[PDB]
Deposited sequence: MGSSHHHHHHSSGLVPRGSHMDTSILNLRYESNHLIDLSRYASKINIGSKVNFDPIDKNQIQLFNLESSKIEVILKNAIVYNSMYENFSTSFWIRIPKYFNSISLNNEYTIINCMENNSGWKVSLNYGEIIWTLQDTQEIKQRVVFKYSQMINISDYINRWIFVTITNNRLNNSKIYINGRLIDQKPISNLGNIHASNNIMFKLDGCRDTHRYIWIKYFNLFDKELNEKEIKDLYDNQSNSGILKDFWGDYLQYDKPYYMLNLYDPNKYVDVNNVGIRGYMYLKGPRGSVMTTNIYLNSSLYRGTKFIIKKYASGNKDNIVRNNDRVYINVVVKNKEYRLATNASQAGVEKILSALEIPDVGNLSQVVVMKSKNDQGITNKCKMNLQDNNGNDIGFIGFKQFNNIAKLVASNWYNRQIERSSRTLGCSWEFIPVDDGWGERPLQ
């Protein structure tokens, strides 16, 4: 029933970053652009002149109008601001301004900004602002879906993860004559170590509606592959610190290895800080988990939705197996960290599931099964005489955030120094 409204669809395909739209606009990649080795649609731009991508627009789609509606969408991952040199330093990242008219995306401390300017210097801005004084952020250093829409008779709107954040009137702007090119480059950034990650840039020749935006968000989320906390693909054989979303100020520890010990949650996490710049919960706490292949026949190390795996727990630089004896009384089966040669017939197979909904991105569930494939239940926790022990429980399966987890690898955009 439809029309392709995407007039620029920038994707990595067949070994190159290209425009997939009918216009096939030309792409000039600079010499210091980094691509993620696992997902080549993920592009890293540094604070360097050669870290840039320029799109040469076909003339038919250069914006020069008093009336035409248009939108843009992309994903971005912005490292934590670390130093006061980033306060009050708006810097352009996606530039389609020519002679002070056009559009641009810029960033500032805790901000993503869209600016429109007409040929008579009338401007409007729409702004997403996120805090760095917050225990756990949905936004700092995590993949964010941005969508900006513009209706020349009323409002410009910015959406984040499919949700409307800010809307401002633009009907007083006259002719907007944008650039013949789009420059993806950090422009005016005083922090020499600043960078961004970006992916899936699109332009559209209409004002996208809410349904269209949510569909783009769901589609581009790649729900077939599980994600880590930052929004990158979850991997096998990669150590992760654990976050339980129900109890986000607690971390995972072990009270003795073996079948008479147990895994548990304890807190508080403690804080990471730079005065006036950030104050957040420490993320590099507790015993690391490593996801191990069991049933998957894919020969990459990406964790897919519904993969059956084992979970190893790292204690003193040695791996143990997360397991339980499902015969123990009561619905909740307490998890222990076992010597791998000693697991025997104990329950240890975990079904990994992505959980995509309207809350924080990148949630994962872990359904423990016995050796006949019967569900023992989702991994969460249960308070036993004031100790929050990790359990597998079919109580979750009949119905929450107690059984929702995120996997946090060390990342330079977070900047925390592990204690050990």
* Stretches with no C-alpha position, numbering per deposited sequence from 1 -> 1-18, 418-423
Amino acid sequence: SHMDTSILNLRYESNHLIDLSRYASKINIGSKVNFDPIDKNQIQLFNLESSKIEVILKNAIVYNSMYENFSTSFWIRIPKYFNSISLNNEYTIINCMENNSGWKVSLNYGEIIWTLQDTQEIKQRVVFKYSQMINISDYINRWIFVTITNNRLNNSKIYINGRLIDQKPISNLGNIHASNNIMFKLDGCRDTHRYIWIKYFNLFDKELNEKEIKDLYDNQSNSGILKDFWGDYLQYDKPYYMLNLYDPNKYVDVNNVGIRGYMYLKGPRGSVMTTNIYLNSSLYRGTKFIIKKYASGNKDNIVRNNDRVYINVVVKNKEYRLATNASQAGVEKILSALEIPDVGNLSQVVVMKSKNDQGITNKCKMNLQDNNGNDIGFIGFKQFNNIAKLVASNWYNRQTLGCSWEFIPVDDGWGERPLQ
From here on, numbers count along this sequence of modelled residues.
* Mean temperature factor over C-alpha atoms, higher-scoring stretch between 171-179 and 76-84 -> 171-179
* To do: Between 368-376 and 352-360, point out the one with the higher average CA B-factor as the PDB entry records it.
  => 352-360
* C-alpha B-factor winner, where the candidates are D307, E210, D232, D237 -> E210
* To do: Report the option among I291, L322, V331, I144 whose CA atom has the maximum B-factor in the deposited record.
  => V331
* In terms of the chain's CA B-factor thirds, is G297 lowest, middle or highest? -> highest
* **Ranked against its chain, the third holding the CA B-factor of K206** => lowest
* Among the modelled residues of its chain, does the C-alpha B-factor of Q42 lie in the lowest, middle or highest third? -> lowest
* Asked: Lowest, middle or highest third: where is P418 by Cα B-factor in its chain?
  -> highest
* Asked: Can you tell me which third, lowest, middle or highest, the CA B-factor of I408 falls into for its chain?
  -> lowest
